[PDB]
Amino acid sequence: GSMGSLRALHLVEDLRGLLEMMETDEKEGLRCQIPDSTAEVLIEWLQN
Amino acid sequence: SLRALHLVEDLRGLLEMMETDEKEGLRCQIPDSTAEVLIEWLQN
Ligand SMILES: [Ca+2]
């Protein structure tokens with residue numbers, strides 16, 4: 001590991017936590033603003 | 001929205017610089033319930 005992957009671990013935890021405080025339209029609106037390329041990298045990493 | 005957008009961008013930038021063993025070792029440390037929430041959110 002590294003301090004960068006420790007950072008990544010905390011970003012993931014923060015993102016799940018923030019998602020809990022969002023309403024449906026806010027979560028969809030957030031996802032709508034994320035480039036599909038960024039989403040794809042995250043999906044495949046989580047599904048690997 | 002701005003903070004979460006930055007979180008997602010920073011995360012993508014970190015993952016793209018990682019070797020395969022680093023990315024997969026990091027995935028090992030993510031709870032399955034967290035991974036499932038994020039996957040379903042990203043795929044809709
Ligand atoms: Ca499910």
# chains A, B, ... in the order shown; residues from 1 in each chain; ligands from 1
call {"tool": "residues_near_ligand", "arguments": {"ligand": "ligand 1", "cutoff": "10 Å", "atoms": "only C-alpha atoms and all ligand atoms", "output": "ChimeraX atom specification"}}
result
/B:33,36-37,39-40
call {"tool": "write_last_selection", "arguments": {"atoms": "N, CA and C atoms", "output": "JSON list (two decimals), in the first residue's frame"}}
result
[["chain", "number", "residue", "atom", "x", "y", "z"],
["B", 33, "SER", "N", -20.92, -4.30, 1.31],
["B", 33, "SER", "CA", -22.09, -3.42, 1.32],
["B", 33, "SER", "C", -21.78, -2.04, 0.75],
["B", 36, "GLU", "N", -21.42, -2.45, -3.10],
["B", 36, "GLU", "CA", -22.70, -2.69, -3.74],
["B", 36, "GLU", "C", -23.51, -1.40, -3.87],
["B", 37, "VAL", "N", -23.46, -0.54, -2.84],
["B", 37, "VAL", "CA", -24.16, 0.75, -2.92],
["B", 37, "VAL", "C", -23.59, 1.58, -4.06],
["B", 39, "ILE", "N", -21.74, 0.63, -6.71],
["B", 39, "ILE", "CA", -21.95, 0.03, -8.03],
["B", 39, "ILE", "C", -23.35, 0.34, -8.53],
["B", 40, "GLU", "N", -24.35, 0.13, -7.67],
["B", 40, "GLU", "CA", -25.72, 0.33, -8.12],
["B", 40, "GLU", "C", -25.98, 1.79, -8.43]]
call {"tool": "residues_around", "arguments": {"residues": "residue 19 in chain A", "least_positions_apart": "6", "cutoff": "10 Å", "atoms": "only C-alpha atoms", "output": "list in words"}}
result
residues 26, 27 and 30 of chain A; 4, 37, 38 and 41 of chain B
call {"tool": "interface_residues", "arguments": {"of": "chain B", "to": "chain A", "cutoff": "7 Å", "atoms": "only C-alpha atoms", "output": "ChimeraX atom specification"}}
result
/B:1,4-5,7,11-12,14,22,26-27,34-35,38-39,42
call {"tool": "write_last_selection", "arguments": {"atoms": "C-alpha atoms", "output": "short mmCIF file (atom, residue, chain, number, x, y, z; two decimals), in the first residue's frame"}}
result
data_model
loop_
_atom_site.label_atom_id
_atom_site.label_comp_id
_atom_site.auth_asym_id
_atom_site.auth_seq_id
_atom_site.Cartn_x
_atom_site.Cartn_y
_atom_site.Cartn_z
CA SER B 1 -22.51 18.16 -5.40
CA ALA B 4 -18.70 14.63 -4.13
CA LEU B 5 -17.73 15.46 -7.72
CA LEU B 7 -14.12 13.06 -4.43
CA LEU B 11 -10.50 8.74 -6.66
CA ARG B 12 -10.36 8.16 -10.41
CA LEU B 14 -5.59 7.77 -7.76
CA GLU B 22 -2.41 -1.96 -5.33
CA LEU B 26 -7.45 -1.70 -1.99
CA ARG B 27 -10.63 -3.34 -3.27
CA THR B 34 -20.19 -0.24 0.38
CA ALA B 35 -19.13 -1.64 -2.99
CA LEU B 38 -21.62 2.50 -5.13
CA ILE B 39 -21.95 0.03 -8.03
CA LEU B 42 -23.00 4.35 -10.70
#
